[PDB]
Amino acid sequence: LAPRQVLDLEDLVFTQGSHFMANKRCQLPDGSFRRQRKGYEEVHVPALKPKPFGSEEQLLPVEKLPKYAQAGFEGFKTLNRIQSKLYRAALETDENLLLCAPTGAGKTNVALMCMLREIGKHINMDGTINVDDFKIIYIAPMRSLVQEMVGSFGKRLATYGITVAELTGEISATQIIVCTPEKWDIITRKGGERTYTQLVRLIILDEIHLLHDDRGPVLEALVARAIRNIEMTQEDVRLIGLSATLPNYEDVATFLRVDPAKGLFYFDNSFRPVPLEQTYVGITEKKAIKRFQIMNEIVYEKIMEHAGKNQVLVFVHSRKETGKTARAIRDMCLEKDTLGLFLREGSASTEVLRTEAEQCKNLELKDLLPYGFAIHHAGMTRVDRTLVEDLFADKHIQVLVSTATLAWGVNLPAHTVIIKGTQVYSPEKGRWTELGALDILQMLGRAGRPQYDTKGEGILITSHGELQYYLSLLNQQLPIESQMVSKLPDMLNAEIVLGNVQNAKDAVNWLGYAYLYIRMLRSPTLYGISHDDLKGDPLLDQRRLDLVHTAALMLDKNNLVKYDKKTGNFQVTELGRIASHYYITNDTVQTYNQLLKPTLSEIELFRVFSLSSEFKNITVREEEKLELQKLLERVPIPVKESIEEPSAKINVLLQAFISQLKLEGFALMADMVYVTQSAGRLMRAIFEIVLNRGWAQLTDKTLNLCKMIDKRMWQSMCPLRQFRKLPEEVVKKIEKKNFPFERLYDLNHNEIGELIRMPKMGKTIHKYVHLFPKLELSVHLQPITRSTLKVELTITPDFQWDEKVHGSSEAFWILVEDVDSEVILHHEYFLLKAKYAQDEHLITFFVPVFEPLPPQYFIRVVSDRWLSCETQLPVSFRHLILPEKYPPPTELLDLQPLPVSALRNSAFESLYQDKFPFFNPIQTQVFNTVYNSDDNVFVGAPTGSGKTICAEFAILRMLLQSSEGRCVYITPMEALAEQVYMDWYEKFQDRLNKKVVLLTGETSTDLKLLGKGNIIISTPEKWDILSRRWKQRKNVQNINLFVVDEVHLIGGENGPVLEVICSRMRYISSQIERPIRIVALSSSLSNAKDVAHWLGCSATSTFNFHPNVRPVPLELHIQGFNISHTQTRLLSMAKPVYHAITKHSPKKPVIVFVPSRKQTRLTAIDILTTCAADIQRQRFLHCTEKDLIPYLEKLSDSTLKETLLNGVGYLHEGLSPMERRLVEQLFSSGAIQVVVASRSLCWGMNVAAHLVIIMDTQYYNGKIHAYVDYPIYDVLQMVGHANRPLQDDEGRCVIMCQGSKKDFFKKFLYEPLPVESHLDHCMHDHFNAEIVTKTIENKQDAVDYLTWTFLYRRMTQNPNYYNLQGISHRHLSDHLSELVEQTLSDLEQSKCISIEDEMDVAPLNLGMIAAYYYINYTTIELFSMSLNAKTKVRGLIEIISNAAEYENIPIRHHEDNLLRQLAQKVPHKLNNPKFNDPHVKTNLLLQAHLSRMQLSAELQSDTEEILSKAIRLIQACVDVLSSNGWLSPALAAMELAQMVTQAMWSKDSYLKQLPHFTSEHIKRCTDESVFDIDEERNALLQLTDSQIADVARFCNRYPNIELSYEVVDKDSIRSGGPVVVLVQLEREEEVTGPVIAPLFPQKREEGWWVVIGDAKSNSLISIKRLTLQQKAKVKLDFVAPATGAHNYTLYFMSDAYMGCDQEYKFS
Ligand SMILES: Cc1cc2c(cc1N1CC3=CN(Cc4ccccc4)C(=O)CC3=NC1=O)O[C@@H](c1ncccc1F)CC2
């Protein structure tokens, strides 16, 4: 709050723009002599004599500069004067440079030396260059020069393998981007700018004197932005300015962070390569054709001074004026006795035969070409332009007239250059004005030829009055100033939208970086600042604050910004966002805001477009009036009663452009080009505004108008026109025929050529008809709540793709509109990529509905580009059954906050009293019911309400009742399980001294834990594979207490297992008539009742609380971003995250959740760098660094150290548990204020914050090549993490999401959450399971089974969700019967079960196998299919890799390249792999694990999850193979189990199992067996005594095994009878501990196969699996063959070790 004054901006601004001279006088060099011809004044400035060399300064041949840089300098034998003075600065230092040189001094090669300096760091030895490690930006003022430079740099740098490209009218694949100031500004406004600019190490500003021009502010804004980004990102980016020699250049050096003593170089006019004789003509008085004829006379007089060979280049201001000036000279040169006729003295045909042979060509070229004359212009002569260029370059063409576009576009200097008149038509000023300084400079800069001329000459013809300006300009006296005040509001708004200025103060500091600042300082009077004011305020705080204040008020008026004078804060609006993004001035935005409405007609639309302030200076001149009227008659859209006003003129010009009408009047043509260049940007703007306001009619109109301005055709015309290669009269013929385009789809090419009376085209048209983008639409709708529906939209492309026509992709808009098509209820952008063309695309979202339900909605999918490309699908509500309105939440009573003493135990109270005096309202409200009663209870409540100690109440009561009591607690997540295990081990096993156990993967030890445990922690799957056998396991049958936490996760992925085990627990509870107490905890449910009845809770025992009763009040803020491209959106979220921290939780803890591992580190670093660039560093660090060093010494991660030092940690799955616990501990202690964790870790974090920020809502799924939404469950959890009852009076959450999703989060966060069962899609594994254990003996048993499920309750509540067509009991029974019938059918077809008498069922072999190992039935079905007698190890790996277990193995972003790399690196080459295939991935990763290839952290975690189920899969393969009686594939499967456990291959050293052995040790051992293994032992090779403890611990575990065997009654056996081989296994070591497999993640147990088989016929006769311990008896019984003589083989194989395998043959 500082005193602010409103300025009048128009007063401070420079009106004349580039034409403005701060120049007072002008001092002419040497000969100034004036010659007065009485019709005009002639002022001559002579050439400067060539300067003698300075001290020791000498030219430096290319061989001298470093070796790797010589490429691109071929064709250059010698370095330029300038470039030798600059070579050290450019190549050998990183300093910011300002190079001022005469125009044409070849400042280019200097820039190239800077470029080569940057390129030179990336060499990489045997690699040529690193292309993707950097980017270089070249900003040129003109598009022509952009193309020029792209060419030159492309050629010169081609040897380095570098791409140079043009951005202004694959971006990611280009190293050098050449482009215009406004183009780059456009790019870096987008906010996802950094995706482009993150890699930029170098920026080169060409012709930076452009600062003086009206376009100058854009340069200012650019440099300001980039410099501020250098501070903010800490990444150093080199700036190279290249400028003309003009006053104030040092101020430019200051602007560019150039050291005046180091990188600042100024060369006066004496350094011009060709010394220049200058002639300045100006015209005395004002009369008309007399004036113009004077001008043409001048031109004549001046040409003739060159008669024989000299080349003259004439510059004229119009594409017409080339002809007219060559006309006026040919009229006055050849009219009086043919003056100077035959400029070419080759009238005997020297070069005449070359130019007479080239005459064949069009326009005025053919006329002038036989003489020395030619023309080059912007009137589009195409190829003829290039030939004119070539012919002038070879010095054939003598006199060439052209437009400035030549001076900028290609390099062709002449000996003498004449510029005629210096008057040009400016469309935006709407007037005729004095030509831009840059144009004059570049043009006169073409005078004299570097190798062909000792002296150049140039002549500038102009009007006399007030044009002393040009003498100032070309003689280095015209000062460079700042125009920033003109454009300040748009610039400021741009900076506000990017988030770089959040208020007035920030804005003032931003102004500090502008060229305007330096200029205002050093020339205060010019900018209207009193020396007194400047004295009292040297840093110009007052002026900057005032300017900012004024611009702010202007933006606030026009509603681009909400701005309050008090705080001085800025709030971005949508209009401002769009305004910055589409580059439209703010008055325009206000106008659109005023006139835009849903019912706006098309006429009105065109008029609105006409009032755009970009056009405010356009007027209708008299001489064009007539033509306008003609145009008006030919354009289709009525221009309403606006007569010819500027408005109407603009309107009609745009229409005329879409109609492709030809124009004559040249000012009218200019105006047209100007309105049509703008038209697309402005219209795309309007489209965005109305699209996001949801206005359907106007969205449709505007989008269409965009496509029409783009494709230059009306909707009325034929879509085929959009193909440019098609003959226009063919199309006009088609249009003349009256009939729909659609019909062409159903016609053969014959009928096509037939209907059009032009059969020749009949085929080609057909082709194009089927090249036209076309989509099919399928919809599946499921209701969610009475207000909300879920839509699955399937998009199927129907058409042929053509890279030429469709490019790499095609964009569409999905529009969900209401019944009247007046409102867009939901919209989103859909991008169909060419590589993934032909895959069907599933797009899921929710849409709102209102209980007076309409008949239907509509889904349109419209092309973003193509005219008349659309598909509309009605979505019918006629049969829709909305689910039942859900009941009110349980009212929260305000009880006296019941004290810890209310628990009656002192030992119990000691667990609590230290932490809190009293229980919270929820905990006291439930306290009686859960602690005092034994009945089942459901508690709903927002995460962080402390639902945990209600469960604990239940547990304390269970222990109160019976000391030996047993309780099972299930959590959906293993992470949560482990946290609960720590917490409750301490709370129960330590203090109360009970037993607390945690269930693991393996069955036996888990059974044990079930036996000893008072408190059992488990995930649903573990408890499932346990309690499936509950009939046979008593410990499952008796448990006093069953607690399920997070039961709403029933509605999520893996929810079905939860549902199954809970329902099984209720079934058991009712079957043993000793009730199993059931405590269910959940987030607030919209429907608690269904879950209650399901689990047996009374309405009174049911506490379901609204999310607003949450103990710590939640302040939720949701921030929409309209961006479709995820990466871009992510990048534009970066700064708003920081602002969120500094607004809502400046001093308090902050958690930030991000989508991926990489984004944790990245966002951490963003927060860091931004923080330190606020001149607040360690502001997030609340201790001293010193204190932290002892902990940080324990860290491996460099970046994590560095960020933690600044008070920001991060958490991802790559970090060690030690590191994670460290970062968590620091964050809890308050040492670091900010932690950034990945979304995966939201369940595995014990920690809490004052502020939780959710950065985006989506993650990438590589399998489907698309982004998918966060489960609402994960988001509920994340929001839960901002809860601090002790420290905070409020929790605070800021969710950042794509705009389309915004409303969603406002709903199901504030309101309670509806859940459904997905069990009906999981039925098979569970039904098979209950058939094996005979809980289901028949179809009726399955129907009965289904009545215990949550599914059963939900089906009548929300029928349409489960695809029930009614809620009647008939519909329920019918649907359930259909479901069990289908499920059982599938299970029979998969050979898992047998069906008998249509009612009864029985378990089969494959079914039993699947149920036993807990494997999906399709996996073992697939096994049964793909296994045979000849199957081997490689095939086995392929087969287990295809398991359904590995389907959910993730494919991450850009992992296809890394997997593609892996594919060629592995022993077994894979056949036609798709690298988004998870099974291909798990295959390669399995080969990687076998070969001991170490990989990135992601691939390692993946390998862990694979190896988890690898064992059970292989054992299943054993069972299946043995049941078919195959020997060779078996035992190979066993060997595969072994070599998977010990991570080794088939043929390999058996010694690799011993720790610390490498491929070097093995080499000296053979010169092999673990059995062959003190002095002689350790003296074999290199040894340390810790490896000795480990190896000795290995050999005392590693199996020592002897086997005895007898075939009972050898002789008493003959054909057909039973044969019993009794085997005896004994080991001479006492077993202590598990298997040792360092590379195998989990802790396994030895297991062994005793096998009997005939090795000849390849038959497996008998098999048995067991576990040894000390000694074991093994009975193998099998049936006997005939003729009493048979030879068998007895195998003994492990599942763990190689080499322990034994063989005994017998008979
Ligand atoms: C992409 C999208 C667009 C829109 C949405 C929601 C989405 N979703 C859906 C979605 C579903 N589920 C499953 C689920 C399970 C239990 C309870 C609720 C949902 C998630 O877990 C996460 C998820 N994320 C989304 O973003 O709402 C629309 C909308 N907004 C307000 C009112 C009505 C309405 F339809 C606005 C358009």
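Residues numbered from 1 in each chain as written, not as in the entry; some residues may be left out. Heavy atoms only, no water. Residues with missing side-chain atoms left out of burial classes, pairs and counts.

Header annotation of the entry names X-ray crystallography as the structure determination method and lists the resolution as 2.750 Å.

As recorded by the PDB entry, the protein chain carries the name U5 small nuclear ribonucleoprotein 200 kDa helicase and is attributed to Homo sapiens. Looking at the Catalytic activity heading of the UniProt record, one finds this comment for the protein chain: "ATP + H2O = ADP + phosphate + H(+)". The record held by UniProt for the protein chain lists under Subcellular location the comment "Nucleus". (UniProt positions renumbered as here; feature names shortened; annotations may be inferred.)

Here we come to the overall build of the protein chain. Across its full length, the protein chain holds 63 helices and 50 strands. What you see for the protein chain is a C-alpha radius of gyration of 42 Å, in line with the 37 Å of a compact globule of 1707 residues. Principal-axis analysis of the C-alpha atoms gives the protein chain an extent of 140 × 85 × 85 Å. (Helix = DSSP H or I, 4+ residues; strand = E, 2+ residues; numbered from the N terminus. Rg over C-alpha atoms; globule rule 2.2 N^0.38 Å.)

It is worth spelling out a positive patch on the surface at this point. There is a patch of like positive charges on the surface, built from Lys 732, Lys 733, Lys 736, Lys 737 and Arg 757. Structurally, the position occupied by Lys 732 is in helix α29 (residues 728-736). (Patch = residues over 30% accessible without salt bridge, like charges linked within 9 Å, V, L, I, M, F, W, Y side chains within 5 Å. Areas by Shrake-Rupley, 256 points an atom, 1.4 Å probe, with all protein chains shown as cover. Salt bridge = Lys/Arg side-chain N within 4 Å of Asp/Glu carboxyl O. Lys, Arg positive; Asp, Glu negative; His and termini not counted. Charge placed at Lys NZ, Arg CZ, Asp CG, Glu CD.)

This part covers the sheet that holds strand β49 (residues 1688-1694). The strand order β47-β46-β49-β50 describes an open sheet built from 4 strands, whose pairing is antiparallel. The open sheet terminates on both sides in strands that have one partner only, identified here as β47 (1659-1666) and β50 (1702-1706). Averaged over all pairs of adjacent strands, the angle between their axes in this sheet comes to 15°, without regard to strand direction. Alignment of strand β46 (residues 1648-1654) against β49, held across 6 bridges, turns out to be antiparallel. Across the sheet, residue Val 1651 finds its bridge partner in β49, namely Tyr 1691. Where helix α59 (residues 1497-1523) meets the sheet, its contacts fall on β46 and β47, and the angle it forms with β47 comes to roughly 145°. Against the sheet, helix α60 (residues 1532-1541) engages β46, β47 and β49, with an angle of about 20° to β49. (Pairing = 2+ DSSP bridges. Axes fitted to C-alpha atoms, helices over the stretch in contact; angles between N-to-C directions. Contact = heavy atoms within 4.5 Å.)

Moving on: the sheet that holds strand β26 (residues 870-876). Strand order in the open sheet formed by 4 strands is β23-β22-β25-β26, with antiparallel pairing between adjacent strands. Since the sheet does not close on itself, it has two edges, and those belong to β23 (824-833) and β26, each with one partner. Each neighbouring strand pair of the sheet contributes to a mean axis angle of 20°, computed without reference to strand direction. Sheet topology note: the strand β22 (residues 809-817)/β23 ladder contains 9 bridges and is antiparallel. Looking at β23, one finds that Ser 809 is bridged to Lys 833. Helix α27 (residues 666-692) contacts β22 and β23 of the sheet and is inclined by roughly 35° relative to β22. Along the sheet face, helix α28 (residues 696-711) touches β22, β23 and β25 (856-863) and points at about 15° away from the line of β25.

Surveying the vicinity of the ligand reveals 19 residues, the closest of which are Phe 846, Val 847, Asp 1269, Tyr 1270 and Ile 1272. One nitrogen or oxygen atom from the main chain of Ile 1272 is found 2.7 Å from an oxygen atom belonging to the ligand. For the ligand, the accessible surface in isolation is 710 Å², of which the surrounding protein chains cover 86%. Elements supplying a minimum of two residues to the shell around the ligand: β24 (841-848), α48 (1272-1280) and α49 (1302-1308). Considering only residue class, the shell around the ligand consists of 11 nonpolar, 4 polar and 4 charged. (Near = heavy atom within 4 Å. Polar contact = N/O pair within 3.5 Å; in protein donor to acceptor, adjacent residues only side chain to side chain. Nonpolar A, V, L, I, M, F, W, Y, C, P; charged D, E, K, R; others polar.)

This brings us to unusual backbone geometry. Phi at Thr 338 takes a positive value of approximately 40°, unusual for a residue other than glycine. With relative accessibility at 36%, the residue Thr 338 sits in the partly exposed group. Of note, the phi angle at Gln 838 is positive, near 85°, even though the residue is not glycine. With respect to the secondary-structure elements, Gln 838 resides in the loop between β23 and β24. Of the residues examined, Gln 838 reaches a relative accessible area of 54% and is grouped as exposed. (Buried < 20%, exposed > 50% of the residue type's maximum accessible area, 1.4 Å probe, protein only.)

Here helix α2 (residues 81-92) crosses helix α3 (residues 108-119) at 25°, and the two axes come no closer than 8 Å. The pairing of α2 with α3 is recorded here as roughly parallel in orientation. α3 is crossed by α2, and the crossing has right-handed handedness. Residues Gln 83, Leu 86, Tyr 87, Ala 90, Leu 91 and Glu 92 of α2 touch α3, and the partners they reach there are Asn 109, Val 110, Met 113, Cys 114, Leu 116 and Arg 117. (Parallel < 35°, antiparallel > 145°, perpendicular 65-115°, else oblique. Left-handed = near helix turned anticlockwise from the far one by under 90°.)

Take the nonpolar core next. With 241 residues, the main nonpolar core has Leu 98, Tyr 138, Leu 256, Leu 473 and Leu 596 as its most contacted residues. Top element by residues in this core is α27. It accounts for 13 residues. Those residues in contact with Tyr 138 that sit more than four places away from it in its chain are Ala 111, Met 115, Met 149, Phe 153, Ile 177, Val 178, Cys 179, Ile 204, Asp 206 and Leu 242. Core analysis: the second largest hydrophobic core is formed by 107 residues, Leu 1130, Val 1137, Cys 1242 and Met 1245 among them. (Core = buried A, V, L, I, M, F, W, Y, C linked by side-chain atoms within 4.5 Å.)

Another aspect to go through is the pairing of strand β43 (residues 1400-1403). The side-chain alternation of β43 yields one buried face, formed by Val 1401 and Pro 1403, and one unburied face, formed by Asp 1400 and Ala 1402. Pairing geometry for strand β42 (residues 1393-1396) and β43, over 4 bridges, is antiparallel. Residue pairing for β43: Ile 1393 is matched across the bridge by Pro 1403. Between the end of β42 and the start of β43, which pair antiparallel, lie 3 residues, with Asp 1397 showing a positive phi angle near 60°.

This part takes up the packing of aromatic side chains. Overall, the coordinates contain 53 aromatic pairs when judged by the stated rule. Relative to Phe 988, the ring of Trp 984 has its centre 5.8 Å away and its plane inclined at 85°; by these criteria the two rings are edge-to-face. Remark: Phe 988 and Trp 984 occur in helix α36 (residues 974-991); sequence separation between them is 4 residues, near one turn of the helix. Arranged with centres 5.3 Å apart and planes meeting at 80°, the rings of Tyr 1598 and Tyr 1697 form a pair that is edge-to-face. Note that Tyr 1598 is positioned in the loop between α63 (1585-1595) and β44 (1601-1607) and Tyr 1697 in the loop between β49 and β50, a separation of 99 residues in sequence. The same class applies to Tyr 1598 as to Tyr 1697, namely buried. A connected cluster of aromatic rings, assembled from ring pairs, spans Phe 723, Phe 741, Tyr 745, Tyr 768, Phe 772 and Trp 866. (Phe/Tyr/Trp six-rings, centres within 6.5 Å; stacked < 30°, edge-to-face > 60°.)

Attention shifts here to helix α9 (residues 288-304). In a regular helix each residue adds 1.5 Å, so 17 residues correspond to 24 Å; α9 covers 25 Å between its end C-alpha atoms and thus fits that length. Looking at α9, one finds that the buried residues are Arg 291, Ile 294, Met 295, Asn 296, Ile 298, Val 299, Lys 302 and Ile 303. (Expected span 1.5 Å × (residues − 1).)

This paragraph deals with the environment of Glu 1115. Here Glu 1115 shows up in strand β34 (residues 1114-1121). By relative accessible area, which is 31% here, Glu 1115 ends up partly exposed. Distance in space between the C-alpha atoms of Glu 1115 and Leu 1251 is 9.4 Å, their sequence separation being 136 residues. With sequence-adjacent residues up to four places away left out, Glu 1115 is seen in contact with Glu 1290, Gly 1291, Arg 1292 and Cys 1293. At 2.9 Å, the side chain of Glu 1115 and the side chain of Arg 1292 are in polar contact.

So, on to the packing of helix α18 (residues 504-511) against helix α21 (residues 541-557). As a packed pair, α18 and α21 sit with axes 9 Å apart at the nearest point and diverge in direction by 115°. Judged by the twist between their axes, the crossing of α18 over α21 is right-handed. Touching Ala 504, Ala 507, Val 508, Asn 509 and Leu 511 of α18 are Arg 544, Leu 545, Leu 547 and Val 548, all from α21.

Our next topic: a negative patch on the surface. Side chains of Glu 1388, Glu 1396, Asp 1397 and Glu 1398 sit close together on the surface and give a patch of like negative charge. The topology assignment puts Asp 1397 in the loop between β42 and β43.

What follows covers the side chain of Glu 1059. Within the secondary structure, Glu 1059 is located in helix α40 (residues 1055-1072). For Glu 1059, the side chain forms a polar contact with the side chain of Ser 1317, separated by 2.7 Å. Leave out the neighbours within four places in its chain, and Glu 1059 touches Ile 1050, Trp 1094, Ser 1317, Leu 1319, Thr 1349, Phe 1350 and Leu 1351.

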